[PDB]
Every structure is written in structure tokens, then in C-alpha cells.
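Single chain ahead, by itself, as C-alpha cells, in the form deposited in one PDB entry.
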């Protein structure tokens, strides 16, 4: 079996045959075969343009990963928590971190699902830790100087340092066991409990019109008021939320009617199970045929329409049903699944590029995937800082990364152990570069660990500028390392 990477070394007349014949050049998950499109569907003379197109497509995927994370997933989780009566301070501390880090967890899980992309997963995590800590955080200090809380900052930086050192020693060991993932999850739950306890101690011391309006994502007044760039962003974004409202239910506890749309939701009780079945595991469960006569999707649709009719005739348009909260549960699950699908696509695209340009997995993980996953963090944090809440944004800038690393690594490793029935996940370090990446992350923390206390916790513009220059130097070192300029 010849390796996929040799494809660029063969004649153009045999590229299609080699791609079609090599099991390695086939991806186990996804809807599109990108390598086939690169080497068979398009002529070789148009090879560069196609790659550019892919990049554009890749960017669009990340946009989806933003919207589903911000407008449907996070509000559904917030409604679920409000059903459990959680405090506002805990919400401000955590929910933004969950909303910003869900794409990171799903991308890491998809990457760890296959050994060949395993090196991508770590490259997705540490690189993000290098970015959000250096650029985004620094950006906040540039936009609005403020005074940072001492004790929460020290706690967050200590927990992040502990997590980073644990992952460093795990990488040095070259393997991840089941007990290690369980310890990661236990450490995260310990951190959450510690945050709760410390906060407590500190505090103590016609139907057609409603469907047309609900399915309309264009607020005409706001769209008219916005500038040209915002108009372009909104028009580019319209199909994504159109599909999302169409398929994903959202429950908002802040609304007196709880976003009750009786016929829209009655249609959704049929739509959501169908998309769930047809999308789970790339639809493999969808075409499974029961007893050799009836496919699953047909009986799923029948049960869904029966339930929708029962609910529609059993409820009224004025008063939401007593079981309205269960909708959010559905509005949770499918939403997460949607993100998963998008995540898978992104990973596949990156792998394809690794075949074409003969690039290492770590370089792709720390450059493209990190930026794509952190664009949502950057937008949310900059918006929060500009609106007059820099303390919350800066606190989240360190709170979310710990949750990202711990939950992503632990859950991905746990699911890989459970699914493959293997006792261990093998981490193969892709040469020297990975070590450099880890080193960079640690150094950044050290800078903060010295810079913030030395300023008496009054963060200024120079701190952000220095962090930005540090990130530029880090990218300089990475670029030198990749192209083989420095080599043992």
C-alpha cells in the first residue's frame, strides 16, 4: 500500500487511478471527497484556484461554527440551567466559556476519532492557547484599559499552568490512558467546584404571519441602520440562520412567551428527528433497513408526524405547554450534532491539504484550525470589551481556555478508548515542532505571571502591544522551524 503523500510525485495521467485505488486516500467520515475533486473533477491547470476555493469554503464553515454556537447552543444551555436556578455571576463566568469553546471540543473530538489526524487535535489546542492568551487578551487591554481582579486572575493562571504542565508530561510520555482522561475530567470538575466555593465565600464575606416573522432573520430597521460592512456580513450570513431556525428549536427564558411558535414547533417536531437520523454518523443509521422491508427514516417520519398532530391538537397558541422545556433539550441535542457535522468537514479539508502540500499536521493545527476556532472568541471578547465590560472579557479569556483544553482532551480520549475498545491512545509527536509549540505556550504564561502582578493589576496598552509582538515572534519561530531552516 503506497502512501497518499506520494500522489504529487506521480504523473498526471495516473493521479485519478491512484486516488481511486488507495484505501489510505479515502476518508472514513464526511459527505464530500475533497481529494477526488482536487485530482479528478478539476483539470490540473486549475489546481491553484481550486485550493483557493477550498480555503474560502473552509472559512464559511467556521462562520457556521460561530452562529450555531452563539444563537442556538448557548441559549439552549442557558435555558436548561435557568430551569435549575443558577446564579448570574456563575453564568457570566462559565456560559460564555462554554459557548466559545464548544467548536474547539467538537473539532478535537473529530480529530482524535482517527489516528491519522491525531496530531491535528493537539495542534488545535495548544496553538489556540498561544493565540487567545497573547493576541485576543492583549487586544482587550488595547481597547479598554482597566483594573483586573487579583484573586480570580491568580486562580485561573495557576489552574491553566497546572493543566498545561499535565498535558506537557502526557505528551512527553507519548501515550494517554483511560485513567488519565478520567483524571482530566476530575480536575475540570474540581476547578468548577472550587470556583463555586470561592465565589460563595467571597459573597458571604394569524399563524401564517407568525411563521413568516419567525422564519425571517432580517431585522429591517437594524439592517438599514448598520454600515456597509455589517450589511455585507449579514447578507452573507442569512442562509445559515435561515436553515438553523428552520431545523433547530430555540427556547429563550427571557421572553415572556418563551419563544412559543405553535405551528412552527409542530413542524419542527417532524423536521428535527429527521435531520437527526439522517445526519448522525453521516447517516449510516439512516439507510439501515429494518427486517429487510422498511427503512428507519420512513417510520421515523411517520412517528414524528403522528406526534406533531397530537401535540398540535393538544395545545393552544396562547399558552405554551407544560412540557415546553423538553423542546430545549431537543434544541440542545440537534444543535450540538449540527456543529459536529461542520467540524468533521473542516478536519477533512485540512487533511486533504496535508496530502497536497506535504505539510505536517501540527502546522495545519496551529495556523488554520486555531484561527478558525478562535475567531468566535475574538469577536465575542472584542464586542464585550467595547461595550464597557472588560473585566468579564479578560476573565473569560483565561477561564475558557482551561475548560477547552481539559474537556476536549479528556472527552476525545475517553470516546476513543470506548469506541475502539483500545486501552490507550498513542500520541506520535510530529518531530521537533510540537515541542516548540508547547514551549511557546508556557513562556507566554510566564510573561503574564510576571507582567500583571508587576503592574499592580492595572493593565495598560503596552502589555497588549508586547503580547502582540510576542505572538509575531512565535509565528517567526514556527515559520523558520517548518521550512527546515533550523534542523538538528
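What we label the rigid core is the largest C-alpha set whose atoms superpose within 1.5 Å from one form to the other. Positions refer to the first chain, counted from 1.
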| item | value |
| --- | --- |
| Unresolved deposited residues in the interval that joins residue 205 and residue 206 | 10 or more |
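The discussion below concerns the form deposited in another entry, not included here.
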property: Position that moves between this form and the one not shown after core superposition, taken from 153, 98, 312, 146, with Cα shift of 2 Å or more; result: 98
property: Large Cα shift (2 Å or above) at residue 279 between this form and the one not shown, core-fitted; result: no
property: Post core alignment: residue 89 C-alpha displaced by 2 Å or more between this form and the one not shown; result: yes
property: CA-CA separation of residue 379 and residue 94, closer or farther in the other form than in the form shown [shift of 3 angstroms or more]; result: farther
property: Residue 183 and residue 89, C-alpha gap in the other form relative to this structure (3 Å or more); result: closer
